[PDB]
Amino acid sequence: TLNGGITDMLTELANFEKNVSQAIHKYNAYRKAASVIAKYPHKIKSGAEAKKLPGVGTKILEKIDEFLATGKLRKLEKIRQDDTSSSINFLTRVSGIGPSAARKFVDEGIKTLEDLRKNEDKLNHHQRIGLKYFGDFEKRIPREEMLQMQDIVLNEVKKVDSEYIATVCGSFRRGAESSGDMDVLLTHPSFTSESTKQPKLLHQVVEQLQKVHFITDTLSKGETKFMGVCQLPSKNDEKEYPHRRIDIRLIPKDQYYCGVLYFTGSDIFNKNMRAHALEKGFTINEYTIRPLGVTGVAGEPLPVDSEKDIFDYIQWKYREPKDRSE
DNA sequence: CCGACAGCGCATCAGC
DNA sequence: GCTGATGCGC
DNA sequence: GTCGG
Ligand SMILES: Cc1cn([C@H]2C[C@H](O)[C@@H](COP(=O)(O)OP(=O)(O)[C@H](Cl)P(=O)(O)O)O2)c(=O)[nH]c1=O
Ligand SMILES: [Cl-]
Ligand SMILES: [Mg+2]
Ligand code: NA
Ligand code: NA
Ligand code: NA
């Protein structure tokens with residue numbers, strides 16, 4: 001909140017570069033800048049002060065001086081006024097519509113929520129569901145509701161096979177008082193790095209959650225990753241809860257620590273951590289941490305028996321999930 | 001000045 | 001049908 | 001857009 005106006009501005013610029021310019025490096029640069037400023041514990045008085053932070057360079061420094069002087073940025077003011085950019089930006093807020101589809105729809109004169117609804121036949125499945133719950137997916141999930149959803153998912157999973165372990169990750173595991181969605185990491189001893197001893201491991205779980213009407217819709221589904229929609233049950237006479245996004249990722253049981261580090265995030269925390277790993281001569285994914293040879297070619301997986309082990313390898317002090325919200 | 005910027009699952013398409 | 005590129009998502 | 005080398 002200390003530098004909320006600045007980080008909002010940068011986020012708006014990031015979104016512009018992603019959705020309209022389709023300049024993903026500019027997008028990621030703006031988000032990095034916004035992140036480093038958000039955790040900076042002083043109210044920023046100048047661009048030069050902000051430029052001391054890594055990730056803030058000359059251009060963002062100048063923007064920050066304008067914003068501090070006047071409370072706005074002319075570049076953003078003009079972007080806001082531009083119909084095509086505003087339209088493109090809006091359409092990407094539908095799950096499954098990205099920068100390319102958004103611009104394509106705008107070209108055909110499909111540029112409002114109303115246009116989308118009347119042109120449902122021109123959407124793929126993911127987009128159609130994204131449009132169906134557009135309102136709901138805008139809403140945050142209070143932590144108290146996340147606790148209920150967790151109870152339901154862990155108990156239902158236990159009913160399918162008591163050897164499943166389901167772990168809620170994402171912002172929830174980072175201790176947030178509200179989340180954008182629910183992220184569930186799933187393991188079963190039958191699925192390891194070495195073998196898949198039984199099939200349908202993800203399916204049976206999804207099927208059980210569909211059976212008790214917790215999962216209501218599917219955006220995408222594969223053997224290890226489910227992306228869909230869920231809803232808490234409501235009591236008699238009470239308004240229904242909003243429909244929520246849910247992600248479920250099944251990871252080899254012996255690779256749980258790399259898996260839970262990944263799915264706990266944040267996304268920018270993962271990006272910084274993995275970038276750092278590279279500078280230290282390692283590569284990290286949701287399965288393994290591996291050394292980089294002289295080549296650049298990845299070596300064999302290093303042994304890992306905790307999240308801290310991964311931090312150790314790259315010479316980072318351990319950071320608790322709650323300090324990983326970047 | 002220049003190249004690199006994290007790493008990967010699922011849906012959809014062109015080409016064969 | 002398969003393989004690889006592309007889009008969108010985590 | 002930023003930064004290390
Ligand atoms: C989008 C993304 C996610 N992840 C990892 C790290 C992420 O933490 C994890 C879940 O993605 P999420 O989109 O649900 O992120 P979250 O942290 O739960 C969000 Cl603050 P919210 O859902 O509360 O709004 O996946 C990445 O490693 N790279 C990414 O680009
Ligand atoms: Cl770019
Ligand atoms: Mg989440
Ligand atoms: Na800087
Ligand atoms: Na979208
Ligand atoms: Na998610």
Side-chain angles (χ1 to χ4, degrees), chain A residues 9-11 13-14 16-19 21-37 47 50-60 62-64 75 91-105 123-130 137 169-171 179-186 202-203 206 218-229 245-252 255 258-280 282-290 292 296 298 310 314 326:
Chain A
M9 157 185 67
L10 298 177
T11 294
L13 288 161
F16 177 74
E17 298 299 352
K18 193 192 165 197
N19 304 325
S21 301
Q22 301 188 260
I24 196 63
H25 300 302
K26 287 191 181 188
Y27 162 73
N28 285 305
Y30 277 119
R31 281 216 296 152
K32 172 188 282 215
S35 179
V36 58
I37 287 167
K51 198 179 172 306
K52 291 182 178 327
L53 301 181
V56 181
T58 310
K59 302 286 271 297
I60 287 171
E62 294 173 19
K63 289 182 166 56
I64 289 184
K75 180 177 177 45
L91 291 171
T92 63
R93 294 166 65 194
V94 181
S95 185
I97 306 183
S100 186
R103 185 176 283 284
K104 182 167 169 302
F105 283 129
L123 307 177
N124 65 36
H125 178 68
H126 183 152
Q127 293 160 345
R128 183 172 312 217
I129 303 307
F137 290 172
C169 303
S171 50
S179 299
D181 77 353
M182 162 163 293
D183 307 294
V184 173
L185 183 59
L186 190 64
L202 184 47
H203 185 91
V206 168
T218 297
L219 299 177
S220 70
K221 188 167 182 286
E223 271 181 50
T224 68
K225 190 186 57 124
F226 176 82
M227 180 172 312
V229 184
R245 282 270 295 102
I246 179 169
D247 297 320
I248 302 168
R249 181 74 192 271
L250 167 68
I251 281 206
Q255 299 178 327
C258 281
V260 75
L261 175 66
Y262 154 76
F263 219 29
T264 295
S266 71
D267 58 342
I268 294 178
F269 169 83
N270 288 349
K271 281 163 115 302
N272 293 339
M273 181 167 181
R274 288 170 178 201
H276 183 70
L278 291 173
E279 297 175 20
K280 290 295 184 181
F282 304 82
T283 179
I284 298 170
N285 60 18
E286 63 263 58
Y287 308 116
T288 61
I289 179 173
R290 300 170 289 162
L292 296 190
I310 311 165
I314 63 179
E326 299 171 351

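Both backbone and side-chain heavy atoms feed into the values below; hydrogens, waters and symmetry mates do not. Naming convention: chains lettered A, B, ... in sequence-line order (proteins, then strands); numbering from 1 in each chain.
- Of the listed nucleotides (B:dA11, D:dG1, C:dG7), C:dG7 has the atom at the smallest distance from the side chain of A:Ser100.
- Considering only side-chain N and O atoms, A:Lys59 lies under 4.0 angstrom from the phosphate OP1 or OP2 of D:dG1.
- The side chain of A:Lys63 lies closest to D:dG1, out of B:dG9, B:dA11, D:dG1.
- Not one N or O on the side chain of A:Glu17 forms a donor-acceptor pair closer than 3.5 Å with the backbone of A:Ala23.
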Kindly determine whether A:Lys51 and A:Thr58 satisfy side chain to side chain contact (heavy atoms under 4.5 Å, CB included), including the steps that lead there.
CA-CA 7 Å; A:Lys51 198 179 172 306; A:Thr58 310; 3.8 Å; yes
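- For the neighbouring bases B:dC10 and B:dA11, a stacking contact is recorded, both ring-centre distance under 5.5 Å and ring-plane angle under 30° holding.
- At whole-Å resolution of the value, NZ in A:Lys32 and P in D:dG4 are 9 Å apart.
- Phosphate proximity of B:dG9 to A:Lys225: absent, as no side-chain N or O sits under 4.0 Å from OP1 or OP2.
- Residue A:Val36 is classed as having no contact, given no heavy-atom separation below 4.0 Å to the nucleic acid.
- Atom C1' of nucleotide B:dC5 and atom CG of A:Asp267 are separated by 15 Å, given to the nearest angstrom.
- Remark: ring of A:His126 not stacked against base of C:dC8; the cut-offs of centroid gap under 5.5 Å and plane tilt under 30° are not jointly satisfied.
- Distance noted for atom P between D:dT2 and B:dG7: 23 Å (whole Å).
- Between A:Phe263 atom CZ and B:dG9 atom P the separation is 13 Å, expressed in whole Å.
- Proximity of A:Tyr287 to the phosphate of B:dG9: a side-chain N or O atom is located under 4.0 Å from OP1 or OP2.
- Which of B:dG9, C:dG9, D:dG1 sits closest to the side chain of A:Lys18 comes down to C:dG9.
- In this structure, of B:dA6, B:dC5, B:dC10, it is B:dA6 that holds the atom nearest to the side chain of A:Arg274.
- At the heavy-atom level, A:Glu17 lies nowhere under 4.0 Å from the strands shown.
- Considering only side-chain atoms of A:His25, the nucleotide from B:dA11, B:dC5, B:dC8 that sits closest is B:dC5.
- Looking at heavy-atom distances under 4.0 Å, A:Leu219 makes no contact with the nucleic acid at all.
- Residue contacts shown for A:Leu53 are limited to sugar-phosphate atoms, with no base heavy atom under 4.0 Å away.
- Counting any heavy atom pair closer than 4.0 Å across all strands shown, A:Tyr30 reaches sugar-phosphate atoms only and no base atom.
- Sparse packing is recorded around NZ of A:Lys104, with 12 or fewer heavy atoms of other residues, nucleotides or ligands lying under 6.0 Å away.
- At a threshold of 4.0 angstrom between heavy atoms, the contacts of A:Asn285 are confined to the sugar-phosphate backbone, with no base atom among them.
- Note on A:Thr283: a side-chain N or O is less than 4.0 Å away from OP1 or OP2 of B:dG7.
- The distance between atom CG of A:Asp181 and atom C1' of C:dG9, rounded to the nearest whole Å, is 11 Å.
- Comparing C:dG9, C:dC8, B:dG7 against the side chain of A:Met227 picks out C:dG9 as the nearest.
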Passes salt bridge (charged side-chain N to carboxylate O under 4.0 Å, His left out), A:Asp247 versus A:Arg245? Steps please.
CA-CA 7 Å; A:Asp247 297 320; A:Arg245 282 270 295 102; 2.7 Å; yes
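- Residue A:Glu286 is classed as a sugar-phosphate contact, given heavy-atom separations below 4.0 Å to backbone atoms only.
- When heavy atoms are screened at a 4.0 angstrom cut-off, A:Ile97 is found touching the sugar-phosphate backbone but no base atom.
- Under 4.0 angstrom from either OP1 or OP2 of B:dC10 there lies at least one side-chain N or O belonging to A:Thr224.
- Among the heavy atoms of the strands lying under 4.0 Å from A:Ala101 are primed sugar atoms or P, OP1, OP2 only; no base atom is included.
- Across all strands, A:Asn272 comes closer than 4.0 Å to no nucleic acid atom at all (heavy-atom distances).
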